[PDB]
Protein chains: 2
Amino acid sequence: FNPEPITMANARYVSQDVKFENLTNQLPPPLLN
Amino acid sequence: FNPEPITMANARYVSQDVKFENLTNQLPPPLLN
Ligand SMILES: *[C@@H]1O[C@H](CO)[C@@H](O)[C@H](O)[C@H]1NC(C)=O
Ligand SMILES: *[C@@H]1O[C@H](CO)[C@@H](O)[C@H](O)[C@H]1NC(C)=O
């Protein structure tokens, strides 16, 4: 257990899913335009 | 053995490490902003 910032080093792009959280604040850089 | 240019087709983003090289010149295209 070690909380780290979310980047493309540990995230991958996937398709839309209804279990996925819908974020409008503090978007991680992968999810930020 | 066949040296080819470094691109995103053969490189993946990883987290910071102390044994990684520190590049300031001729940065590969994945490492330019
Ligand atoms: C996120 O959005 C999808 C599509 O609107 C919705 O089905 C789902 O209930 C929402 N909530 C979360 C956080 O899963
Ligand atoms: C790269 O730079 C960092 C300082 O941010 C240093 O800790 C590390 O040893 C350097 N790596 C090499 C192999 O030069």
Side-chain angles (χ1 to χ4, degrees):
Chain A
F1 187 69
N2 195 70
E4 323 203 350
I6 300 175
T7 63
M8 280 323 276
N10 42 40
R12 66 182 180 179
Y13 282 113
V14 289
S15 292
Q16 176 91 48
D17 196 335
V18 298
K19 309 175 300 190
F20 286 15
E21 315 283 333
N22 309 287
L23 304 186
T24 63
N25 296 115
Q26 295 179 357
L27 281 166
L31 294 178
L32 183 63
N33 282 359
Chain B
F1 186 72
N2 186 74
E4 317 192 4
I6 302 177
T7 67
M8 279 305 299
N10 45 50
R12 80 203 171 77
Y13 283 117
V14 295
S15 60
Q16 173 96 49
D17 198 325
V18 294
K19 49 184 176 64
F20 288 2
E21 312 285 323
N22 295 299
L23 303 183
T24 73
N25 290 146
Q26 304 165 6
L27 270 167
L31 293 183
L32 290 157
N33 54 274

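For ligands, and for the atoms within them, numbers begin at 1 and follow the listed sequence. Note on naming: letters A, B, ... go to the chains in the order of the sequence lines (proteins, then strands), and numbering restarts at 1 for each one.
- The presence of a protein heavy atom under 4.0 Å from atom 5 (O) of ligand 2 is ruled out.
- The CG atom of B:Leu23 sits 10.0 Å away from atom CG of B:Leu32, with the distance rounded to the nearest 0.5 Å.
- Counting heavy atoms of neighbouring residues, nucleotides and ligands inside a 6.0 Å radius, atom CG of B:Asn33 does not exceed 12 of them.
- Counting only heavy atoms of the protein, atom 9 (O) of ligand 2 lies nearest to B:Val18 O, 3.2 Å.
- Within the model, atoms OH of B:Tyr13 and CE of B:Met8 stand 5.0 Å from one another, a figure rounded to the nearest 0.5 Å.
- The minimum heavy-atom distance linking B:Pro30 with B:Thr7 is given by the pair CG-C, 3.7 Å.
- Atom numbering of ligand 2 starts at 1 in the shown order; those under 4.0 Å from a heavy atom of B:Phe20 are 11 (N), 12 (C), 13 (C).
- Those atoms of ligand 1 with a heavy atom of A:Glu21 less than 4.0 angstrom away are 13 (C).
- Atom OG of B:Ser15 and atom CZ of B:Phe20 lie 7.0 Å apart (nearest 0.5 Å).
- At a distance under 4.0 Å, a protein heavy atom can be found next to atom 11 (N) of ligand 1.
- For atom 1 (C) of ligand 1, the nearest protein heavy atom lies under 4.0 Å away.
- Checked against a 3.5 angstrom limit, the closest N/O atoms of B:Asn22 and ligand 2 fall inside it.
- Atom CG of A:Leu27 has more than 12 neighbouring heavy atoms from other residues, nucleotides or ligands inside a 6.0 Å radius.
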